[PDB]
Structure formats: structure tokens, C-alpha cells
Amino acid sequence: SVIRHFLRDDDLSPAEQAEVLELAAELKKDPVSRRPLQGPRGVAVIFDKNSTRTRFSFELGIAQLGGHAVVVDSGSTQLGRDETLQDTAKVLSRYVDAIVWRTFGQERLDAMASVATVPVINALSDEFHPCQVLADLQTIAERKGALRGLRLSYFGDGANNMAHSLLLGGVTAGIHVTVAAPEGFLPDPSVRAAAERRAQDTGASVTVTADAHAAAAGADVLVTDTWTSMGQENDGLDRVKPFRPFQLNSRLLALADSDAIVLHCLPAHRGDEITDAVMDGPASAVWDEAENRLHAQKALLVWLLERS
């Protein structure tokens, strides 16, 4: 069989993504009913940078599939230094049945996936966060039912990992995705083109605008994220002033549909991209969204393992 990887959201077709999201709902109801890793079989979980959500959701998810996660903080290792990534991938493929990797550049994930003989999963990278968007889609479906035709708007830095993955994963689900971002902070052009092409297949659409109020009007789902990642703290830009009109506050939420929901990949900076009132209010689905990392990632692993 072809070995399947999941490095970006569009690695699943629309039909394949629907299968994974249905499995995520099934596993949330019956969390130990799928045991493909019984043995236990191993799964590598490798962190170039720590993440509470990523650590807990993957380590426990793998265990609940019957497996054993070998969790590596690569700062305590000589990854990239003492041997080639190609050599590392070949050795890993002898010990584990899948490789879960939180890293920075997408080309490293690509390299690992081209030589590993087991599925490689992007746990979080500079360019994409496709596991978070699977959890987001599960959360939206839980609240709203069918994803096809919903309107989702994302606010803030339009070129970070969540903007890119909401574009790709959202249109794969048939969602009309709007990115509201200031000029200079727009989605990567190749990602945007990929999302526009995928949107043709599902009847979705891609909109990019600097008009935050227009983006909010009529939306079913409002999303934001931190305006700055760790790598961008030293990029030289004022990363507050451009984004202030894009804050997800009560005024913005009130422009959306009356039962709109709010998502935010953690962590959050209350007072910057989102306010206390919204973050902690009745429209917020942030905690269910975090919990669904566990269920959605389990579903993804089950699906990749059986196809690989």
C-alpha cells in the first residue's frame, strides 16, 4: 500500500476528511473501542518545542488506541546534529508504527515523510496546524451539524499556521472561509491558491479581506489566534498596531450570526486578539475545541494506520 502522511490539511481529500471526522465523533463516544496499536505498538512523538495540548492529547490518545507513545523533547537529543534526518527516519520506522512531529520548517516534515516507511503526522509546524483544524471541525460539527455551507471567518495574522490550515481544512469540509488580516500579513500565495482549487471541488470559497466588520457579518464561526509566534518575536515589526482593528471582541461578535461560535487555538492573550468577555462567554467553544484534539487525532491515527 501507499503510506499515507498528514502534513497539511489538504493531504486528506474531502471524502477522506469526512471519514476521519465521523471516526472522531465515534471515538469521542467510545474512546477505547479502536485498538489498532494493541501490543503495545509504538508511536514516536517528537517535540522541537513543547506544547501542553500536543503532549497530553497525543500521548493519551496513542495509549487509548492500545499503543505506547515514546515522547521525545528533541532539545535533550542531537536531532539534526549527530546524524541525518534520513538516518533517523529509517531507525524510527523500525521501532514505531507512526511518527508524530512538532517542528518548524515544512521542508523537514516533507523530508521525514519521503523516507519513513510509516505515516508521519505534523503535530504543529510554522506553516500548518492540521490536527488543530481537525479538532476545530469536530467542534463545529458538534455545535452546528453539517459543515457544508457554513461561513467561518478568521481574524489576525493571515499567514500563520492556523490561518493556512483553516483555509485548507475549512474548504475541504465545504466551509466558506474568510481571512481578515491587515495588509502585509496575508496568506502565503501557494496555500491560498491550493485552498481556492480545493474549494472548487466542495462548493466552498476563499475570501481575504482587510475589513474585519465585513468578515464578521453573517459568520457562523469566528476564529482568532495569537498575533505573534515565538519565532516572530524578534522579526522587527510592531505586531500590535496592525492587528488592533481585528480584535475578536463583543462588538465584532455581535455582528455575526446570533448563534455564532468562537474558536481559538491555545494559548490565548486576553486583551490582544480576543477579550475576556468573548473568550469566557457563552459563544466560546475553546475548551471543547482543546478536548477534541484528543478525539480528532485518535481518529486520524486510526485512519492513517489502516490505509498504510
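For every residue, the number given is its place in the sequence shown, counted from 1. We call the rigid core whatever largest set of C-alpha positions still superposes within 1.5 Å between the two forms.
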Quick note, superposing on core in 8 other deposited structures of this protein and taking C-alpha RMS, the more shifted stretch of 192 to 200 and 82 to 90 is 82 to 90
Quick note, superposing on core in 8 other deposited structures of this protein and taking C-alpha RMS, the more shifted stretch of 137 to 145 and 67 to 75 is 67 to 75
query: Hey, does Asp220 drop out of the model in a third or more of the other PDB entries compared here?
result: no
query = Is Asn234 unbuilt in at least a third of the other PDB entries compared?
reply = yes
Mean B factor on CA atoms, stretches 133 to 141 and 75 to 83, record says higher is 75 to 83
Avg C-alpha B-factor, entry values, 58 to 66 vs 278 to 286, higher side is 278 to 286
Of the residues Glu127, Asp225, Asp110, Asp220, the one whose Cα carries the largest B-factor in the deposited record is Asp110
Tertile call for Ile175 (CA temperature factor, within chain, third-based) is the middle
Tertile call for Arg102 (CA temperature factor, within chain, third-based) is the middle
Chain-relative C-alpha B factor for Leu167 (record values, thirds): the lowest
Of the three thirds of the chain ranked by Cα temperature factor, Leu252 occupies the highest
Tertile call for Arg307 (CA temperature factor, within chain, third-based) is the highest
